[PDB]
Amino acid sequence: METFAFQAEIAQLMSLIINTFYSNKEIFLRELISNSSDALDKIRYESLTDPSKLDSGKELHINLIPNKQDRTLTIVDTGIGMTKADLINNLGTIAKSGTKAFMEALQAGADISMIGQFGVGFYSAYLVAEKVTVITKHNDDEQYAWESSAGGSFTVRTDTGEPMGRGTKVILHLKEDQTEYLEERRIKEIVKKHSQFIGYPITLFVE
Ligand SMILES: Cc1cn(-c2ccc(C(N)=O)c(NC3CCC(=O)CC3)c2)c2c1C(=O)CC(C)(C)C2
C-alpha cells in the first residue's frame, strides 16, 4: 500500500465538505451516479471504433448496493474505469482547477449542491462517508484500490479482492448518523428525485 498527500486545494475542499453545516447531504448520490454515467458514456463511445474494448464486459449499468451489517453504500458501474495514473495524478490535476472555481462560487453565494458543475462532485461522498474506498479496473491497467478517510492523505494499492472485469466501485463507509442512505425507500426517493433520466439501467439492490 502506497500513501500520498492530497494537494492543498483538494485537502481544503474535503475540509470544507466535512466541516460546513449543510443539511442537503442527499445530493452526494446524484454526483456519484453522474461520475458513473460519464464513465459509461466514455467506454460506450470508445467501443464504437474498437469493439474489443467490451471484451472485459458488454453490460453498461449502475448498481446501488446497501449493506447494513458493514454500514456501506456501494455505487458500482461497468464504465471505463481508472488507471493508476488517474488515481494518483491525472484526476487530482483536473480537481485542482475545479476546486478553485467551486471555492470562488461558494464565496459569491453558490451552494454545496452545485459541486458537480465544477467537476469535483466525487468529494461530495464526504458529506455522508467517514471513509471512501474506490475499487477500479481500466482495460489498460490492473485492478486498484484507492482509499481515504481525509485528514490530508489517500492510499493506492493493487487490489486482491473479487476481480471486476472493468469499471469502478465507490464504497461509502457511512458516518454513524447517515444510515438512512442504507434504507430502500430513501435510496429510491433520491434516485427518482435527482437521477431519473440517467441513460443506463440503475438497479437498487435490497437486503
Ligand atoms: C475528480 C475525481 C473524479 N473521480 C471519479 C470517480 C469515479 C469515476 C467513475 N465512476 O468512473 C470517475 N470516472 C472518470 C474517470 C476519468 C474520465 O475520463 C471520466 C470519468 C471519476 C475521482 C476524482 C478524484 O479526485 C479522486 C478519485 C480519483 C479517487 C475519484
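Scoring rules and cut-offs
- Residues numbered from 1 in each chain as written, not as in the entry; some residues may be left out.
- Heavy atoms only, no water.
- Axes fitted to C-alpha atoms, helices over the stretch in contact; angles between N-to-C directions.
- Helix = DSSP H or I, 4+ residues; strand = E, 2+ residues; numbered from the N terminus.
- Parallel < 35°, antiparallel > 145°, perpendicular 65-115°, else oblique.
- Left-handed = near helix turned anticlockwise from the far one by under 90°.
- Contact = heavy atoms within 4.5 Å.
- Nonpolar A, V, L, I, M, F, W, Y, C, P; charged D, E, K, R; others polar.
- Near = heavy atom within 4 Å.
- Polar contact = N/O pair within 3.5 Å; in protein donor to acceptor, adjacent residues only side chain to side chain.
- Areas by Shrake-Rupley, 256 points an atom, 1.4 Å probe, with all protein chains shown as cover.
- 1 Å grid on protein atoms, 1.4 Å probe; cavity = no way out; pocket = protein on both sides within 12 Å on 5 of 7 lines; lining within 4 Å.
- Sits in = over half its atoms within 2 Å of the grid points.
- Salt bridge = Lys/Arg side-chain N within 4 Å of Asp/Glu carboxyl O.
- Buried < 20%, exposed > 50% of the residue type's maximum accessible area, 1.4 Å probe, protein only.

Student: Any details on the packing of helix α1 (residues 8-19) against helix α3 (residues 84-107)? Residues and values, ideally.
Tutor: Interaxial distance between α1 and α3 falls to 9 Å at its minimum, and their mutual angle equals 50°. In terms of their interaxial angle, α1 and α3 are classed as oblique. Classified by chirality, the crossing of α3 by α1 is left-handed. In contact with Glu-9, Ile-10, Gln-12, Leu-13 and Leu-16 of α1, α3 contributes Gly-92, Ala-95, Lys-96, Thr-99, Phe-102, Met-103 and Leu-106. Split into classes, the residues belonging to the contact of α1 with α3 amount to seven nonpolar, three polar and two charged.

Student: Requested: an account of the site of the ligand, with residues and values cited.
Tutor: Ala-39, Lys-42, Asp-77, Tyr-123 and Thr-168 are the nearest of the 13 residues found near the ligand. Interatomic distance of 2.8 Å between a side-chain N/O atom of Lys-42 and an oxygen atom of the ligand. One nitrogen or oxygen atom from the side chain of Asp-77 is found 2.9 Å from a nitrogen atom belonging to the ligand. Calculation on the ligand without its partners gives an accessible area of 640 Å², and the protein chains cover 88% of this total. Taken atom by atom, the bulk of the ligand overlaps the largest pocket. Looking at the shell around the ligand, the elements with two or more residues in it are α2 (27-47) and α3. Considering every element that reaches the shell around the ligand, the biggest residue donor is α2, with four residues. Taken together, the residues of the shell around the ligand sort by class into seven nonpolar, four polar and two charged.

Student: I'd love a proper account of the pattern of salt bridges, names of residues and values included.
Tutor: Side-chain pairs of opposite charge can arise whenever the charged atoms involved come near each other. Applying the stated rule across the entire model yields ten salt bridges. One salt bridge in this structure joins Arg-44 and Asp-41, with 3.2 Å as the shortest N-O distance. A residue pair is termed a helical-turn pair when its members lie 3 or 4 positions apart in one helix, as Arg-44 and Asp-41 do in helix α2 at three residues. Given a relative accessible area of 39%, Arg-44 falls into the partly exposed group. When salt bridges that share partners are traced, they join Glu-26, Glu-180, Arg-186, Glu-189 and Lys-193 into one network.

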